[PDB]
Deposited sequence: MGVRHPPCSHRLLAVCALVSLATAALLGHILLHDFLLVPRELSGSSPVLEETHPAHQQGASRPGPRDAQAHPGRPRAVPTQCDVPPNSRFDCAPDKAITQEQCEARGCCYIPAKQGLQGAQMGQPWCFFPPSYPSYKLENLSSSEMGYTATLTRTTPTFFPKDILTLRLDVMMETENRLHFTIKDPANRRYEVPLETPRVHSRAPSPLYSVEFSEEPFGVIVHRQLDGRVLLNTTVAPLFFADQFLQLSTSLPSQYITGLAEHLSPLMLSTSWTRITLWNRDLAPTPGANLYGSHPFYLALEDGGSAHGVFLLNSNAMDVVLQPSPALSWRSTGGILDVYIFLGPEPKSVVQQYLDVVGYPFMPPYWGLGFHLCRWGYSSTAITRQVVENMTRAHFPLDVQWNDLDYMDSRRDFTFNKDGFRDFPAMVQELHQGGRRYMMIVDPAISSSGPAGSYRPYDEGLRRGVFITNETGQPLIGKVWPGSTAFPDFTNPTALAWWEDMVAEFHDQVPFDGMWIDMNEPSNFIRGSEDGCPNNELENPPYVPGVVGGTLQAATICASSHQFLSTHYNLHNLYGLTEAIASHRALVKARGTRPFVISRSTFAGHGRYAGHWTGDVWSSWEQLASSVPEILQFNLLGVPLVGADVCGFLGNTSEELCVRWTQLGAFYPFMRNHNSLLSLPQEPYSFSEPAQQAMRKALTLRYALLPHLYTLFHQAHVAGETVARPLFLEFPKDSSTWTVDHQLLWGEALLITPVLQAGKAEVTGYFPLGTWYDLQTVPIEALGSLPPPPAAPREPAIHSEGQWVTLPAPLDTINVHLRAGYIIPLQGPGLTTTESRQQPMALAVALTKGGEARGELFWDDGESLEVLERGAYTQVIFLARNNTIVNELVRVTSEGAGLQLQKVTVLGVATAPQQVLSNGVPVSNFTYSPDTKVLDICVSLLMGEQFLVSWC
């Protein structure tokens, strides 16, 4: 019975160090490892639940689950209800609940077949097409106690991604890895629970099919991977609410997941521009000098930010009357030059001022908006202003108070978005100024592998009261609930698309806000680690994501700042942010050659903004990723599965960054096909003809490698120091022909910031097609927004022979150049995106 292969052993002492005698007393097997692998593990006969009275309804399947022998955890729930819902051809949904008591729940032919094991209970999910076993929860016992749920499954391969937020390769290690989901303020470092929690994984299958699993549970949890391969969800509360997404393509799995949690929000066009911030712009005069210095050196800047500097004594919804006396005028002036303005907002509200002196606290107290403690008073912690209370964003009155504080502050200073920090929520002391009570929420029977070994570390008491539940159940939603409240507040205050950037996140955050990866070191290792983390957030439906460009903590170097700007110009959210005690790292603060390299990176990003905005439209309407790993686009090429130091924008733009000091070249993977060097497009081989292989590319310090996939057309737009300027420029097409002379692309265009654009039809959508030495547009929708768009240049890659003639609408063109070396045809035209054209050559 104890003859269990080592990799298939499931831990029977997850709760503590255990002796052979205690292990065998639990009904478990004790076999020491010969060198991690559990010594105490479940025999196949270990008591689980038994399935009884399975019945079929129009809803799907229902059953009773009964445990007869108690586990070693307190408060087993001996009778459960199983509900299995076949919701779509791609989505299976099952829940395990207590039929006698409402437990906390998070507020939010088919491709599969399902069968059940009776004793021990398990759910088995097959892919119907090839019979692969995707889920099998029979592999280990089901635990369902008041503060301990455990559900296990086999995995179909060693390849699994998800379970943010952690600093790790994109593909998670199955070598006895414990992944802890408990939102925590900590500088990103491996093996730690960071700012957000996304209980979703995508598992690859031999052949390139994939499935996804979402556990809709917001409690502190560990997810344990083992090399059999297998996975165990271990949660401290709530219910088992499981979604399986059948794909079969990894891009379809992500879309199906986003059909449950929400499609990404559509950012304003200006949010895709360059953002510049630091802690230490300590007056309006210094802040204005940043914009002046960027402009003087020809660096694009859409959005100027301030950190805590603007505040009066580090209090939200205030501004100091020293350095920031003319704060309103500074922001009106940024607007007059065509820029936007963002500033930090903390959740915690100063509680120590004299009564009637600080409206956010005084009004919060009147309306009962704050998280309360055991004696029904506001829980007091310590953050920047000193003593603070913590708003409860699950309370409908707190949402109304937050909308009012934001609208009142906006009437003083017309900010364009909110940077919401410290929303784990982060606490400089443990729990509260008054400590925490001694109860089973503060001291639970199973504590996941959190930094500091307590749920209270760097946050508030777990037994504190919110409107919907205790903090114990809601902690991992705190940031998400503040992002919702802030998205609503900004819609109401400004009447245009909101722009919220949040530290802490939970599954479905991307429906409301973006994310930055937090307090990353200015190091080559954190530069490199940023690529998998940005890709991971795109797979989780938070495509508006980036890292602080050049790093946050410590001092950047010139070389690191060049490489980081080059890669960071391909973050969907691009901000350079810097800590208080650091050397300056604005683009204008470096040597002339470093400035030229950083200016080229920013110029290329601005030229691509119509394309990046179109990719955001596809995320918003169809659950697509913006930045995506090669394995999402080429899943049938197993060589792509471990690549996470390259990225795609959409289907067609491959970015191969240098991520190490002292390198003048880089080796990247090129899937089968032709890849054109984007340096051959007016803004080293001209084309890589790949069989699916690794290629060494020249990569001097002034260069980042970017390749355009054959078969794709990219819209570009002329230059500007802001999107206010760039959006008025003529456009261009880059047309990457296949060997057979074909290519396709698209452009989505609207006014860049209105609400309900898609509902109201206030947009333009154009498809571009190349075939047989002709390029045409196909007008899906044309409205006022895009009818004035001017096309001035058409650059055609892979043109084998110099044309005799180039026609635009049947008339010879005024000017074109053909390069026989690069096989580029560059065509000057005067056409309109929104009117049918036909360009031809021979």
item	value
Deposited-sequence segments unaccounted for in the coordinates	1-80, 116-122, 196-205, 781-793
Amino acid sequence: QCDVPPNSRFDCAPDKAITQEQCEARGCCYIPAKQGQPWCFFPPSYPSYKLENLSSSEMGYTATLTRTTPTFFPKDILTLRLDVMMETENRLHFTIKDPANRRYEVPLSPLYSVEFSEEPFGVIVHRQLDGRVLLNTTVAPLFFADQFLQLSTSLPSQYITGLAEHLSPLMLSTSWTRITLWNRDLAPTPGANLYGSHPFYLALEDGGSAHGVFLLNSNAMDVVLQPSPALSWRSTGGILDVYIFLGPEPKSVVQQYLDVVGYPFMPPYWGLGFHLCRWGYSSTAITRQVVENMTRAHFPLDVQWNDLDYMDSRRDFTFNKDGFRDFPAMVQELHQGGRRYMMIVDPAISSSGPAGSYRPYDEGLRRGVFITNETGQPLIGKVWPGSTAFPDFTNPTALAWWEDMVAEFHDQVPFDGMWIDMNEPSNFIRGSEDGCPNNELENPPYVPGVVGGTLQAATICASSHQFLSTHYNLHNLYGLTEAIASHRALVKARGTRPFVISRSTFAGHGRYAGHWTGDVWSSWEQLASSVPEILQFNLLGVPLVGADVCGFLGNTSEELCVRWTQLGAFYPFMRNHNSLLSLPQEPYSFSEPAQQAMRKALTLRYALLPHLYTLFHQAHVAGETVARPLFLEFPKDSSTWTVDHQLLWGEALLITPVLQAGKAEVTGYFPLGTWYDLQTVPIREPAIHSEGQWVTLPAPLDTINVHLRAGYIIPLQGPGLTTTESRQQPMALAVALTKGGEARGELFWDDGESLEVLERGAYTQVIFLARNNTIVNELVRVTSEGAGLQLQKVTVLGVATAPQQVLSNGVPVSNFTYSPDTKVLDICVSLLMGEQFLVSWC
From here on, numbers count along this sequence of modelled residues.
property: Stretch exceeding the other in mean C-alpha B-factor - 474-482, 748-756; result: 748-756
property: Mean Cα B-factor comparison, 199-207 or 67-75, giving the higher one as deposited; result: 67-75
property: Peak C-alpha temperature factor (PDB record), options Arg81, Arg497, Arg339, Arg488; result: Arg497
property: Top Cα B factor in the deposited entry, candidates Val106, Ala100, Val406, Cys550; result: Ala100
property: Chain-relative CA temperature factor third for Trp641; result: middle
property: Third of chain Cα B-factors occupied by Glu558; result: middle
property: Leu701, C-alpha B-factor rank within chain (lowest, middle or highest third); result: highest
property: Among modelled residues of the same chain, the CA temperature factor third for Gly720; result: highest
property: Record-listed C-alpha B factor of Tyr281: chain third; result: highest
